[PDB]
file upload-v2.pdb (PDB, C-alpha atoms (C1' of nucleotides))
ATOM      1  CA  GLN U 247    -111.770 -44.019 -22.719
ATOM      2  CA  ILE U 248    -113.541 -45.196 -25.887
ATOM      3  CA  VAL U 249    -111.552 -42.691 -27.957
ATOM      4  CA  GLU U 250    -108.467 -43.782 -26.014
ATOM      5  CA  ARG U 251    -108.961 -47.444 -26.952
ATOM      6  CA  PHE U 252    -110.268 -47.187 -30.538
ATOM      7  CA  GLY U 253    -108.412 -44.072 -31.700
ATOM      8  CA  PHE U 254    -106.092 -45.716 -34.237
ATOM      9  CA  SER U 255    -109.033 -46.291 -36.623
ATOM     10  CA  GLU U 256    -111.229 -43.662 -38.263
ATOM     11  CA  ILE U 257    -114.253 -45.966 -38.524
ATOM     12  CA  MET U 258    -114.581 -46.066 -34.726
ATOM     13  CA  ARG U 259    -114.265 -42.282 -34.559
ATOM     14  CA  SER U 260    -117.097 -42.074 -37.093
ATOM     15  CA  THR U 261    -119.027 -44.607 -34.990
ATOM     16  CA  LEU U 262    -118.758 -42.558 -31.794
ATOM     17  CA  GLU U 263    -119.528 -39.358 -33.716
ATOM     18  CA  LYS U 264    -122.606 -40.718 -35.524
ATOM     19  CA  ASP U 265    -123.899 -42.084 -32.201
ATOM     20  CA  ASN U 266    -127.368 -40.924 -31.163
ATOM     21  CA  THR U 267    -127.480 -41.032 -27.350
ATOM     22  CA  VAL U 268    -124.711 -40.507 -24.797
ATOM     23  CA  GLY U 269    -124.636 -41.445 -21.123
ATOM     24  CA  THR U 270    -124.081 -44.517 -18.963
ATOM     25  CA  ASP U 271    -127.677 -44.492 -17.677
ATOM     26  CA  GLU U 272    -129.010 -43.616 -21.165
ATOM     27  CA  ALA U 273    -127.623 -46.278 -23.507
ATOM     28  CA  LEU U 274    -128.496 -48.825 -20.815
ATOM     29  CA  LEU U 275    -132.174 -47.860 -21.029
ATOM     30  CA  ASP U 276    -131.840 -47.838 -24.826
ATOM     31  CA  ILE U 277    -130.687 -51.470 -24.717
ATOM     32  CA  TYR U 278    -133.515 -52.210 -22.275
ATOM     33  CA  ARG U 279    -136.204 -50.766 -24.543
ATOM     34  CA  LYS U 280    -134.811 -52.569 -27.596
ATOM     35  CA  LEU U 281    -134.379 -55.912 -25.781
ATOM     36  CA  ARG U 282    -137.494 -56.211 -23.560
ATOM     37  CA  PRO U 283    -140.087 -53.849 -25.068
ATOM     38  CA  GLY U 284    -143.327 -52.887 -23.374
ATOM     39  CA  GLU U 285    -141.854 -52.635 -19.869
ATOM     40  CA  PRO U 286    -140.971 -49.627 -17.680
ATOM     41  CA  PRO U 287    -137.240 -48.968 -18.098
ATOM     42  CA  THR U 288    -135.476 -48.643 -14.744
ATOM     43  CA  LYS U 289    -131.728 -48.070 -14.563
ATOM     44  CA  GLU U 290    -131.385 -51.082 -12.267
ATOM     45  CA  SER U 291    -133.902 -53.246 -14.154
ATOM     46  CA  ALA U 292    -131.484 -53.046 -17.116
ATOM     47  CA  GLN U 293    -128.385 -53.164 -14.903
ATOM     48  CA  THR U 294    -129.733 -56.524 -13.709
ATOM     49  CA  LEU U 295    -130.380 -58.202 -17.061
TER
ATOM     50  CA  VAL H   4    -169.253 -37.322 -12.365
ATOM     51  CA  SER H   5    -168.099 -38.541 -15.781
ATOM     52  CA  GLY H   6    -164.484 -37.897 -14.799
ATOM     53  CA  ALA H   7    -164.963 -40.386 -11.967
ATOM     54  CA  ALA H   8    -165.881 -43.012 -14.569
ATOM     55  CA  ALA H   9    -162.917 -42.056 -16.777
ATOM     56  CA  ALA H  10    -160.495 -42.326 -13.843
ATOM     57  CA  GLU H  11    -161.208 -46.062 -13.594
ATOM     58  CA  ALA H  12    -160.277 -46.553 -17.255
ATOM     59  CA  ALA H  13    -157.104 -44.527 -16.697
ATOM     60  CA  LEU H  14    -156.277 -46.751 -13.704
ATOM     61  CA  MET H  15    -156.783 -49.933 -15.733
ATOM     62  CA  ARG H  16    -154.574 -48.540 -18.503
ATOM     63  CA  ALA H  17    -151.872 -47.741 -15.927
ATOM     64  CA  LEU H  18    -151.852 -51.256 -14.497
ATOM     65  CA  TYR H  19    -151.755 -52.508 -18.093
ATOM     66  CA  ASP H  20    -148.672 -50.418 -18.897
ATOM     67  CA  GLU H  21    -146.950 -51.653 -15.734
ATOM     68  CA  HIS H  22    -147.798 -55.391 -15.626
ATOM     69  CA  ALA H  23    -149.115 -56.722 -18.959
ATOM     70  CA  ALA H  24    -145.812 -57.568 -20.657
ATOM     71  CA  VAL H  25    -144.250 -59.203 -17.585
ATOM     72  CA  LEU H  26    -147.379 -61.295 -17.000
ATOM     73  CA  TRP H  27    -147.276 -62.264 -20.679
ATOM     74  CA  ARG H  28    -143.688 -63.476 -20.303
ATOM     75  CA  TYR H  29    -144.641 -65.508 -17.221
ATOM     76  CA  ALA H  30    -147.627 -67.165 -18.915
ATOM     77  CA  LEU H  31    -145.482 -67.709 -22.024
ATOM     78  CA  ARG H  32    -142.992 -69.735 -20.006
ATOM     79  CA  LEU H  33    -145.725 -71.719 -18.271
ATOM     80  CA  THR H  34    -147.533 -72.567 -21.537
ATOM     81  CA  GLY H  35    -145.039 -72.169 -24.388
ATOM     82  CA  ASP H  36    -147.744 -70.776 -26.704
ATOM     83  CA  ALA H  37    -147.835 -66.998 -27.142
ATOM     84  CA  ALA H  38    -151.447 -66.992 -28.353
ATOM     85  CA  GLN H  39    -152.351 -68.734 -25.090
ATOM     86  CA  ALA H  40    -150.269 -66.287 -23.042
ATOM     87  CA  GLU H  41    -152.240 -63.375 -24.501
ATOM     88  CA  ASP H  42    -155.506 -65.057 -23.483
ATOM     89  CA  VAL H  43    -154.191 -65.655 -19.955
ATOM     90  CA  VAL H  44    -153.133 -61.996 -19.725
ATOM     91  CA  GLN H  45    -156.539 -60.740 -20.861
ATOM     92  CA  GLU H  46    -158.384 -62.987 -18.409
ATOM     93  CA  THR H  47    -156.079 -62.101 -15.497
ATOM     94  CA  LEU H  48    -156.453 -58.353 -16.024
ATOM     95  CA  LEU H  49    -160.210 -58.849 -16.448
ATOM     96  CA  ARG H  50    -160.331 -60.480 -13.017
ATOM     97  CA  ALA H  51    -158.160 -57.631 -11.723
ATOM     98  CA  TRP H  52    -160.783 -55.145 -12.934
ATOM     99  CA  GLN H  53    -163.494 -57.203 -11.199
ATOM    100  CA  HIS H  54    -161.659 -57.062  -7.830
ATOM    101  CA  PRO H  55    -161.285 -53.488  -6.519
ATOM    102  CA  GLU H  56    -159.522 -54.896  -3.443
ATOM    103  CA  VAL H  57    -156.454 -55.711  -5.552
ATOM    104  CA  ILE H  58    -156.440 -52.307  -7.299
ATOM    105  CA  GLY H  59    -157.070 -50.264  -4.139
ATOM    106  CA  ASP H  60    -153.808 -50.668  -2.236
ATOM    107  CA  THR H  61    -150.894 -49.388  -4.329
ATOM    108  CA  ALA H  62    -148.449 -49.832  -1.425
ATOM    109  CA  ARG H  63    -148.993 -53.627  -1.788
ATOM    110  CA  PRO H  64    -147.715 -55.496  -4.873
ATOM    111  CA  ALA H  65    -150.557 -56.529  -7.185
ATOM    112  CA  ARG H  66    -148.044 -58.200  -9.517
ATOM    113  CA  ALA H  67    -147.842 -61.245  -7.234
ATOM    114  CA  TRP H  68    -151.631 -61.604  -7.193
ATOM    115  CA  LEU H  69    -151.586 -61.402 -10.997
ATOM    116  CA  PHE H  70    -148.937 -64.133 -11.223
ATOM    117  CA  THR H  71    -150.918 -66.370  -8.858
ATOM    118  CA  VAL H  72    -154.153 -65.918 -10.826
ATOM    119  CA  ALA H  73    -152.346 -66.669 -14.096
ATOM    120  CA  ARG H  74    -150.737 -69.788 -12.605
ATOM    121  CA  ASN H  75    -154.107 -71.119 -11.454
ATOM    122  CA  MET H  76    -155.653 -70.408 -14.870
ATOM    123  CA  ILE H  77    -152.815 -72.209 -16.650
ATOM    124  CA  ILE H  78    -153.046 -75.272 -14.413
ATOM    125  CA  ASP H  79    -156.819 -75.349 -14.972
ATOM    126  CA  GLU H  80    -156.197 -75.393 -18.734
ATOM    127  CA  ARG H  81    -153.946 -78.444 -18.203
ATOM    128  CA  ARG H  82    -156.761 -80.912 -17.420
ATOM    129  CA  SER H  83    -159.134 -83.225 -19.276
ATOM    130  CA  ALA H  84    -159.997 -81.213 -22.405
ATOM    131  CA  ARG H  85    -156.309 -80.764 -23.177
ATOM    132  CA  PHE H  86    -155.499 -84.239 -21.806
ATOM    133  CA  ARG H  87    -157.306 -86.104 -24.570
ATOM    134  CA  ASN H  88    -157.049 -83.827 -27.599
ATOM    135  CA  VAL H  89    -153.780 -81.854 -27.442
TER
ATOM    136  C1'  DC Z   1    -164.193 -72.265  -5.839
ATOM    137  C1'  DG Z   2    -160.165 -68.444  -4.279
ATOM    138  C1'  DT Z   3    -156.272 -66.512  -5.863
ATOM    139  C1'  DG Z   4    -152.360 -61.957  -3.291
ATOM    140  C1'  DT Z   5    -143.857 -60.914  -0.087
ATOM    141  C1'  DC Z   6    -138.620 -62.765  -5.190
ATOM    142  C1'  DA Z   7    -141.623 -64.863  -8.640
ATOM    143  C1'  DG Z   8    -140.316 -63.288 -16.295
ATOM    144  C1'  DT Z   9    -139.667 -67.915 -24.220
ATOM    145  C1'  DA Z  10    -136.522 -71.360 -26.444
ATOM    146  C1'  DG Z  11    -134.340 -70.841 -30.030
ATOM    147  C1'  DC Z  12    -131.425 -69.074 -33.062
ATOM    148  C1'  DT Z  13    -128.489 -67.082 -39.202
ATOM    149  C1'  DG Z  14    -124.735 -71.889 -41.511
ATOM    150  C1'  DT Z  15    -129.731 -70.617 -48.021
ATOM    151  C1'  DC Z  16    -129.774 -67.078 -52.011
ATOM    152  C1'  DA Z  17    -131.021 -64.879 -56.390
ATOM    153  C1'  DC Z  18    -134.153 -61.386 -57.785
ATOM    154  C1'  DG Z  19    -137.497 -57.993 -58.278
ATOM    155  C1'  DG Z  20    -140.320 -54.116 -56.571
ATOM    156  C1'  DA Z  21    -143.096 -52.121 -53.180
ATOM    157  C1'  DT Z  22    -141.875 -49.923 -48.769
ATOM    158  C1'  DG Z  23    -139.622 -46.318 -46.304
ATOM    159  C1'  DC Z  24    -135.684 -42.177 -44.265
TER
ATOM    160  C1'  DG A   1    -135.909 -39.016 -55.203
ATOM    161  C1'  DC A   2    -133.105 -43.855 -54.028
ATOM    162  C1'  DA A   3    -131.233 -47.376 -50.474
ATOM    163  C1'  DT A   4    -133.815 -50.736 -47.635
ATOM    164  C1'  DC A   5    -136.244 -54.809 -46.994
ATOM    165  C1'  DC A   6    -139.800 -57.832 -47.737
ATOM    166  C1'  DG A   7    -141.442 -61.934 -50.049
ATOM    167  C1'  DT A   8    -140.945 -65.269 -53.723
ATOM    168  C1'  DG A   9    -138.843 -69.358 -55.813
ATOM    169  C1'  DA A  10    -135.574 -73.446 -55.508
ATOM    170  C1'  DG A  11    -136.312 -82.290 -59.608
ATOM    171  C1'  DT A  12    -139.325 -86.585 -59.744
ATOM    172  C1'  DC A  13    -140.887 -91.731 -57.962
ATOM    173  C1'  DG A  14    -139.964 -95.203 -54.290
ATOM    174  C1'  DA A  15    -140.688 -99.734 -50.162
TER
END

call {"tool": "encode", "arguments": {"input": "upload-v2.pdb", "output": "structure tokens"}}
result
Amino acid sequence: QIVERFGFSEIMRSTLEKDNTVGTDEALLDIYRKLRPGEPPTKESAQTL
Amino acid sequence: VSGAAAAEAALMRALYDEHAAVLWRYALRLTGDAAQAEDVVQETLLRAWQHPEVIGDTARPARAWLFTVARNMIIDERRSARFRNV
DNA sequence: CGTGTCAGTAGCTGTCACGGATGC
DNA sequence: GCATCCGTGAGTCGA
């Protein structure tokens, strides 16, 4: 759906290609570990905040 | 044996990794000074190490006991010595 | 003194030129 | 080997 929405521009294609991690429960924990460091990253602990 | 003495250090490090940052955030809100929150965290975990009754039961939340101890410490800091000088 | 069910900053970027050590 | 980022500086005197 990301390619469906941002397909008319090549910069967004390059963004999704150069991306490091993929997954709904993966980028969420990435945001958790970059936002509140030093805490155990649970899928729901990040889904909450 | 010596491994029995190392297991206690491993246990303390585990409770560190699971509660230290959250307790720091709590004390940081109650005080507003991060350097004071670190002191509260150190003292609270020191009292946790001195009470094996809190570290024994894992099926019971020790986080609440930690928050209560930190709250009492912070309210004790809020008396006369701070009252006059701060 | 003892402490024990959720219990989780405020604030904030509306500065910039410039040089060189620091770093992927 | 070079782009990044850190740290430095940014008028004077007033009641």

call {"tool": "atom_distance", "arguments": {"input": "upload-v2.pdb", "atom1": "CA of residue 272 in chain U", "atom2": "CA of residue 289 in chain U"}}
result
8.4 Å

call {"tool": "resolve_selection", "arguments": {"input": "upload-v2.pdb", "expression": "the PyMOL selection byres ((chain A and resi 3-10) around 10)", "output": "PyMOL selection string"}}
result
(chain Z and resi 15-24) or (chain A and resi 2+11)

call {"tool": "write_last_selection", "arguments": {"input": "upload-v2.pdb", "atoms": "C-alpha atoms (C1' of nucleotides)", "output": "compact mmCIF listing (two decimals), keeping the file's coordinate frame"}}
result
# COMPACT_ATOMS: atom_id res chain seq x y z
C1' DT Z 15 -129.73 -70.62 -48.02
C1' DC Z 16 -129.77 -67.08 -52.01
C1' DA Z 17 -131.02 -64.88 -56.39
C1' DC Z 18 -134.15 -61.39 -57.78
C1' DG Z 19 -137.50 -57.99 -58.28
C1' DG Z 20 -140.32 -54.12 -56.57
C1' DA Z 21 -143.10 -52.12 -53.18
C1' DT Z 22 -141.88 -49.92 -48.77
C1' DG Z 23 -139.62 -46.32 -46.30
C1' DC Z 24 -135.68 -42.18 -44.26
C1' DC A 2 -133.10 -43.86 -54.03
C1' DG A 11 -136.31 -82.29 -59.61

call {"tool": "residues_around", "arguments": {"input": "upload-v2.pdb", "residues": "range 285-288 of chain U", "least_positions_apart": "6", "cutoff": "12 Å", "atoms": "all atoms listed in the file", "output": "MDAnalysis selection string"}}
result
(chainID U and resid 271:279 294:295) or (chainID H and resid 17:28) or (chainID Z and resid 8)

call {"tool": "atom_distance", "arguments": {"input": "upload-v2.pdb", "atom1": "CA of residue 65 in chain H", "atom2": "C1' of residue 4 in chain Z"}}
result
6.9 Å

call {"tool": "resolve_selection", "arguments": {"input": "upload-v2.pdb", "expression": "the PyMOL selection byres ((chain H and resi 34-50) around 12)", "output": "PyMOL selection string"}}
result
(chain H and resi 14-33+51-58+65-81) or (chain Z and resi 2-3+9-10)

call {"tool": "atom_distance", "arguments": {"input": "upload-v2.pdb", "atom1": "CA of residue 292 in chain U", "atom2": "CA of residue 280 in chain U"}}
result
11.0 Å

call {"tool": "residues_around", "arguments": {"input": "upload-v2.pdb", "residues": "residue 262 in chain U", "least_positions_apart": "6", "cutoff": "12 Å", "atoms": "only C-alpha atoms (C1' of nucleotides)", "output": "list in words"}}
result
residues 247, 248, 249, 250, 251, 252, 253, 255, 256 and 268 of chain U

call {"tool": "axis_aligned_box", "arguments": {"input": "upload-v2.pdb", "around": "range 13-20 of chain Z", "padding_each_side": "8 Å", "output": "AutoDock Vina command-line options"}}
result
--center_x -132.5 --center_y -63.0 --center_z -48.7 --size_x 31.6 --size_y 33.8 --size_z 35.1
